[PDB]
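There is one chain below, alone, in structure tokens, taken in the form deposited in one PDB entry.
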């Protein structure tokens, strides 16, 4: 009935993992979800630490294994596809690699409602962000957060034709502080760009987040009725209200199409 929704989340990992908690909150609303792990920065350090997964999405694209062979289970049982080890350009794929890409995302799409793409790199990441239906920019009260958010909008706008962005204030100590953050970004993008920002809201500063982090758990899973978790539920409600991709339900063909061109 509905096409698969695809959301890219940029920023927001104060240890506060927005993609994982959004995925859990969406599942709690009855959506079938999956995470795509596209944090290049993290992957690069992990290589030196021997932390690279044995198999990744790149291996599926190369036809070495199937999608089900690379799935990991994260907090609350959310399924994760490792996707930050690609050394190949999504626009210089061979027919064999293209077929592997189609296969990977066909398999990802099976019985799926929402794919959440987690990213942290200004590439072989950006492909996933540009191809996503919605981009969720996570911003906080740290000094460089707003300018980092801006620099990313500038890049996606100028280099990848992207013109609309969702903005979430993470761990804001008050609604006013979240509003100020959005007001600043709006004023700056107003002057230099022609883009449309939309303010999703605030994940409130919450001691439960640290408490969950120290237990190596996601706050939504550990403490589903803490203030931050209730805010993630509300975000998840907003997210299921964003427009779906403009095509009938298929097997994520639209996303693969965007990855390889445009």
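The term rigid core refers to the maximal set of C-alpha atoms that superpose within 1.5 Å between the two forms. Numbering follows the first chain given and starts at 1.
(message) Residues without coordinates, deposited sequence, stretch from residue 251 to residue 252: is the count none, 1 to 3, 4 to 9, or 10 or more?
(response) Nothing is missing.
(request) Going by the record, give me the number of deposited-sequence residues missing between residue 122 and residue 123 as none, 1 to 3, 4 to 9, or 10 or more. (result) Gap between residue 122 and residue 123: 1 to 3 unmodelled residues.
(message) Highest mean C-alpha temperature factor of the two stretches 38-46 and 23-31, which is it?
(response) Averaged over C-alpha atoms, the B-factors run higher in 38-46.
(message) When the Cα temperature factors in the entry are averaged, is it 85-93 or 105-113 that ends up higher?
(response) Comparing 105-113 with 85-93, the higher average CA B-factor belongs to 85-93.
(request) By the entry's C-alpha temperature factors, tell me which of 137, 78, 171, 132 sits highest. (result) Within the set 137, 78, 171, 132, 78 shows the top C-alpha B-factor.
(message) Taking only the Cα B-factors deposited for this chain, tell me whether residue 16 sits in the lowest, middle or highest third.
(response) Highest third.
(message) By the recorded C-alpha temperature factor, relative to the other modelled residues in its chain, which third is residue 225 in?
(response) According to the entry, residue 225 has a C-alpha B-factor in the chain's lowest third.
(request) Consider only the C-alpha atoms of the modelled residues in this chain, order them by B-factor as the entry records it, and name the third containing residue 153: lowest, middle or highest. (result) Middle third by C-alpha B-factor.
(request) Please rank the C-alpha B-factors of the chain's modelled residues and tell me whether residue 247 sits in the lowest, middle or highest third. (result) It belongs to the highest third of the chain when residues are ordered by C-alpha B-factor.
(request) Relative to the other modelled residues of the same chain, rank the CA B-factor of residue 61 and answer lowest, middle or highest third. (result) CA B-factor rank for residue 61: middle third.
Quick note: we don't show the form deposited in another entry, though the next part is all about it.
(message) Which residue of 146, 135, 80, 188 is the mover here, meaning its C-alpha shifts by 2 Å or more between this form and the one not shown once both are aligned on the rigid core?
(response) Residue with a C-alpha shift of 2 Å or more: 80.
(message) If the two forms are fitted on the core, does residue 58 show a Cα displacement reaching 2 angstroms between this form and the one not shown?
(response) Superposed on the core, residue 58 moves its C-alpha 2 Å or more between this form and the one not shown.
(request) Determine whether the C-alpha of residue 243 shifts by 2 Å or more between this form and the one not shown once the rigid core is superposed. (result) False for residue 243: its C-alpha shift is below 2 Å.
(request) Align both forms on the core first, then report whether residue 252 has a C-alpha shift of 2 Å or more between this form and the one not shown. (result) Yes, shifts by 2 Å or more.
(request) Looking in that other deposited form, decide if the C-alpha atoms of residue 155 and residue 97 are closer or farther than in the form shown; they differ by 3 Å or more. (result) Between the C-alphas of residue 97 and residue 155, the gap narrows in that other deposited form (3 Å or more compared with this form).
(message) Closer or farther: how do the Cα atoms of residue 20 and residue 252 compare in that other deposited form versus the shown form, where the change is at least 3 Å?
(response) Distance between the C-alphas of residue 20 and residue 252: longer in that other deposited form, by 3 Å or more.
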